[PDB]
Amino acid sequence: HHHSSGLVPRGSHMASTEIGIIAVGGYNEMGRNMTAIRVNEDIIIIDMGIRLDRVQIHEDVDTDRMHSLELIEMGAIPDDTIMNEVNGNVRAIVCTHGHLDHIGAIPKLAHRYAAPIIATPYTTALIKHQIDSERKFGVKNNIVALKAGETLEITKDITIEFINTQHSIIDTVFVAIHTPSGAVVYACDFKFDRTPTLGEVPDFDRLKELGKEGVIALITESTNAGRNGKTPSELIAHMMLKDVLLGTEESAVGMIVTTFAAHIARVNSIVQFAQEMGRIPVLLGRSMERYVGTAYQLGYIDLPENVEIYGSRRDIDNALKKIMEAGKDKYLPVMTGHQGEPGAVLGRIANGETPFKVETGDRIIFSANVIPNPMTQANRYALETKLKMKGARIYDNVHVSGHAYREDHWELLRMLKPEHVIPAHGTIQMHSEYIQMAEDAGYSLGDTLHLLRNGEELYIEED
Amino acid sequence: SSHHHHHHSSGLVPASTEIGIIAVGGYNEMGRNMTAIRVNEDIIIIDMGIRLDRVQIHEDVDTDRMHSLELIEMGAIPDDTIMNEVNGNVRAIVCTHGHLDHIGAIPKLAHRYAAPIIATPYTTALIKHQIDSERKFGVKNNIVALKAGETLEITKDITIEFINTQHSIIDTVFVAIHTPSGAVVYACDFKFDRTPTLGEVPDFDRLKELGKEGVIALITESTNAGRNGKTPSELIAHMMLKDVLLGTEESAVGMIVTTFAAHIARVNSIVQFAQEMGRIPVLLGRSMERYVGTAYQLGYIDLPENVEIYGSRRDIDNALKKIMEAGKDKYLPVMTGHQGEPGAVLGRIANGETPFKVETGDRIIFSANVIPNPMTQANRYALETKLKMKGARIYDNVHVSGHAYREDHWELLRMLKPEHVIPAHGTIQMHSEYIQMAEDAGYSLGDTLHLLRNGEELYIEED
RNA sequence: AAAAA
RNA sequence: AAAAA
Ligand SMILES: [Zn+2]
Ligand SMILES: [Zn+2]
Ligand SMILES: [Zn+2]
Ligand SMILES: [Zn+2]
């Protein structure tokens with residue numbers, strides 16, 4: 001009547017954790033990143049960014065005085081009102097780096113959470129500056145500096161670990177939230193770079209050990225998941241810049257470099273090259289003086305003794321007049337304005353509102369890409385047009401991406417071996433690219449690979 | 001009553017040279033380059049290329065057997081029948097380098113001119129191979145090797161001077177034709193590179209002295225005159241390739257590199273990297289063995305003693321079987337097939353016609369761009385699809401251009417200071433980009449800057 | 001921006 | 001793929 005047809009060994013389940021991955025902002029769009037990681041009933045928020053182009057389509061603005069509510073309806077900033085419906089209390093706000101798509105909403109949203117803001121030293125300095133420029137909401141949460149390679153226990157069941165990575169701004173980290181059932185890893189804005197010009201190589205060994213210890217969930221950017229291969233090193237940008245600036249038969253001509261003021265590795269390269277060209281490096285622009293000065297005070301870069309740095313309009317204009325009457329061949333201005341922003345140094349030069357006059361053959365070196373949004377493309381087209389009309393020669397995109405490409409994501413998947421993967425930090429189209437890559441690596445959509453929309457919570461019941 | 005005055009010029013002179021610039025091929029399209037430079041009644045032909053896509057649009061076509069005329073009506077090769085209306089006699093055929101768009105039509109056209117063929121040593125070697133493959137015309141012309149930095153007297157009134165430059169094939173030169181009335185310079189297929197990984201830096205000093213001695217006319221490629229800035233050095237390709245091959249946590253995986261067989265610098269870099277990865281470099285493909293072997297026999301590259309090189313199908317399949325049964329982690333195959341050409345090694349691997357089996361995670365590295373014509377895009381799309389369907393990971397465009405960008409052209413104008421400029425080697429769209437640059441430099445179209453079409457002769461007289 | 005065999 | 005002042 002009866003036969004044996006199987007024996008199955010059952011596993012043990014000594015710890016049970018409920019994990020929630022809540023997509024708040026930056027999952028339907030570029031910008032305004034914010035994620036919530038719930039461990040049972042405690043929550044770690046990671047990043048609170050701004051989406052700058054939603055500010056740029058309205059012309060009055062000034063975000064420093066607008067209320068959270070109106071910025072959420074412009075969106076602009078993440079709609080964190082969904083957090084009233086998430087079953088837990090926030091115990092920390094973590095920011096992975098200092099770009100505005102990760103910290104820009106801090107002075108608008110952070111003050112409603114009874115939680116410290118935790119970041120790397122440079123990032124905490126920039127968060128403090130952002131909060132001091134705010135004055136409709138009174139913000140200062142506790143701000144805690146945590147370095148790459150260190151841990152901080154938030155709850156007896158939750159610890160936060162910073163893992164060094166590389167990116168287009170210094171002191172970027174992966175975040176590992178350790179729970180009784182394993183680690184949730186957040187890897188948004190990162191780049192593998194084995195020859196960084198500043199900082200250290202990403203901590204591949206520790207990525208491997210976390211992979212073997214157990215990752216419940218990887219949250220990672222999909223921004224360049226559709227670019228084939230691997231991201232070129234920042235060393236490539238450094239060498240291209242060096243050859244643009246030094247490899248020329250026209251060395252006595254006027255030259256201006258413009259780049260992201262927060263790209264401290266790029267600025268560092270430019271300043272060193274200035275020494276090699278026998279020119280005096282002159283950093284111009286409030287943002288240049290703030291970001292680079294801050295990096296210098298924290299020991300992140302050294303600066304030559306002859307560097308000059310001006311952030312105020314009168315010293316900027318004075319410095320430009322000095323440059324003009326001493327000979328542009330004697331200086332290397334490094335200035336704000338690479339996206340044609342209004343008020344920035346290079347835009348004021350291009351409008352003729354400055355003692356510096358561009359002349360035929362002067363070289364303007366954009367050590368940056370054009371942000372692919374129509375607003376910034378218009379500003380940059382107007383700026384470039386004005387400079388070309390005065391005879392400038394344009395060297396564009398002397399630059400490499402700050403983001404991981406498809407094969408970098410492949411290797412990060414192979415090292416962290418997460419049980420579940422969640423693309424973040426992009427449009428649904430970018431997540432589509434990431435999804436195809438993750439399925440070539442063995443993941444299945446809706447099972448171990450998850451596509452979230454803003455406002456959606458993924459529940460993971462881990463045994 | 002009324003009155004004015006005027007000084008009548010003297011008729012006295014205080015020999016007259018007529019220059020003809022004849023566009024034969026490559027002025028309306030990419031490929032099939034050919035220019036004739038007439039000095040009164042002597043003519044120097046420069047280049048006789050083939051245009052390969054006009055061959056690829058016809059199925060089962062053996063150009064080695066076709067007559068000149070039918071290839072001209074395919075166009076394909078330059079229509080030199082216009083030379084029956086040019087009032088001069090050809091005294092020399094110069095080739096600036098060994099790419100097929102400069103030498104491919106030599107065995108179809110050169111034999112009707114009572115003239116030597118003059119080129120650099122590597123280029124004469126490749127021209128001899130091109131003539132040995134020809135099965136329709138018996139060719140015939142004396143072949144003369146002239147090195148960069150040397151001069152050769154062609155006529156009592158005409159000498160030819162080779163000036164060293166850089167390009168994606170070794171031994172490329174600018175050509176300066178000296179006439180009683182000054183120099184006509186031909187710079188088609190050049191790149192400024194101050195850190196080449198093979199050969200010497202372009203001879204900038206001699207370009208400057210040529211500018212001051214007097215250049216009547218510059219004929220120069222417009223290929224990338226629309227790319228802003230300056231061409232990245234070949235060292236950039238060398239470092240990106242090095243980081244793709246060495247900068248990885250998955251080093252025991254299968255890796256294949258494919259690149260242009262004639263790009264001896266790239267091949268050299270790859271072979272050295274193989275030594276550094278502890279893998280054995282194995283070059284595969286008839287073209288690879290011919291181009292690389294020729295470079296080695298002439299002392300243009302050294303090769304490690306553990307190199308293996310197979311050009312015949314039997315030795316290639318045997319080598320791939322050895323690779324498979326010894327472990328793909330022990331070899332770095334460097335092979336033909338980067339444009340998905342049929343019959344090339346990587347296409348045969350991708351079709352499963354080979355003992356080598358692509359497996360999940362194997363890395364296929366294209367150290368090359370996809371040629372932008374629909375035929376080649378179709379081949380490369382079919383190849384890439386087949387490789388991806390077997391689990392391959394594709395690293396594409398690990399590569400920098402072989403051609404001057406807009407600002408390289410700017411500086412070359414600044415150094416040669418030609419009285420007249422003629423874009424060549426491209427479509428009218430590329431010449432359009434070049435024209436905008438040359439007018440920023442002071443030239444005027446139809447006066448000192450000239451847009452020519454295939455079949456047209458430009459007359460330049462002494463004032 | 002050039003082939004491949 | 002990020003601002004500027
Ligand atoms: Zn970022
Ligand atoms: Zn970001
Ligand atoms: Zn060429
Ligand atoms: Zn060419």
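Note that these values count all heavy atoms, side chains included, but never hydrogens, waters or copies made by symmetry. Just so it is clear: chains get the letters A, B, ... in the order the sequence lines come, proteins before strands, and each one is counted from 1.
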message = Between A/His167 and D/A2, is there a contact of a side-chain N or O with OP1 or OP2 at under 4.0 Å?
response = yes

Testing C/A3, D/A1, D/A3 for proximity to the side chain of A/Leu52, the answer is D/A3

Winner on side-chain proximity to B/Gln56, out of D/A5, C/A2, C/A4, is C/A2

In B/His338, B/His167, B/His99, the residue satisfying ring-ring contact (aromatic ring centres under 6.0 Å, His included) with B/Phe260 is B/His338

Winner on side-chain proximity to B/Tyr291, out of C/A3, D/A1, C/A1, is C/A3

Donor + acceptor pair across side chains of A/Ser401, A/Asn224 (<3.5 Å): yes

Against the side chain of B/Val345, the closest entry in D/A3, C/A5, C/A1 is C/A5

Could you check whether B/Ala261 gets within reach of a base, just the sugar-phosphate, or nothing at all, counting any heavy atom under 4.0 Å?
sugar-phosphate

note: A/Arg290, atom CZ; D/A3, atom P; distance rounded to Å ~ 14 Å

**Message:** Let's go through B/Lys108 and B/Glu134 carefully: what are the C-alpha distance in whole Å and the side-chain angles of both, what is the deciding distance for salt bridge (charged side-chain N to carboxylate O under 4.0 Å, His left out) to 0.1 Å, and is it a yes or a no?
**Reply:** CA-CA 8 Å; B/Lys108 306 283 178 189; B/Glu134 166 75 15; 3.0 Å; yes

From CD of B/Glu353 across to P of C/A5 the rounded distance in Å is 13 Å

A/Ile103 CD1 to D/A2 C1', in whole Å, measures 13 Å

When B/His102 and B/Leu284 are each assigned the nearest nucleotide of RNA chain C, the 5'-most assignment goes to B/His102

Under 4.0 angstrom between B/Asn369 side-chain N/O and C/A2 OP1 or OP2:
no

When rounded to whole Å, the CG to P distance for the pair B/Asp189 and C/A3 reads 10 Å

Atom NE2 of A/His338 and atom P of D/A5 are separated, to the nearest Å, by 10 Å

Winner on side-chain proximity to A/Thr336, out of C/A3, D/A2, D/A5, is D/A5

Taken to the nearest whole Å, CG/A/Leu100 to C1'/D/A4 is 10 Å

Q) Would one find a side-chain N or O of B/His97 under 4.0 angstrom from OP1 or OP2 of C/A1? A) no

Does a side-chain N or O from B/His399 land closer than 4.0 Å to OP1 or OP2 of C/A1, or not?
yes

Side-chain N or O of A/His403 less than 4.0 angstrom from OP1 or OP2 on D/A2?
-> yes

(message) Can you confirm whether or not the ring centre of B/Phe190 sits under 6.0 Å from the ring centre of B/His97?
(response) no

Between B/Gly402 and B/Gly343, the residue closer to the 5' end of RNA chain C by nearest nucleotide is B/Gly402

Q.
Check this for me: A/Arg313, atom CZ, are more than 12 non-hydrogen atoms of other residues, nucleotides or ligands nearer than 6.0 Å?
A. no

| message | So A/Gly285, base contact, sugar-phosphate only, or nothing? Heavy-atom distance under 4.0 Å. | response | sugar-phosphate

_Salt-bridge contact A/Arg266-A/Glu234 (side-chain N to carboxylate O under 4.0 Å)_ = yes

Is any side-chain N or O of B/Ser287 closer than 4.0 Å to OP1 or OP2 of C/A5? yes

In whole angstroms, the gap separating P of C/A2 from NE2 of B/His263 amounts to 10 Å

Whole-Å distance, A/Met30 CE to D/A3 P, equals 11 Å

- Would one find a side-chain N or O of A/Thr376 under 4.0 angstrom from OP1 or OP2 of D/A1? no

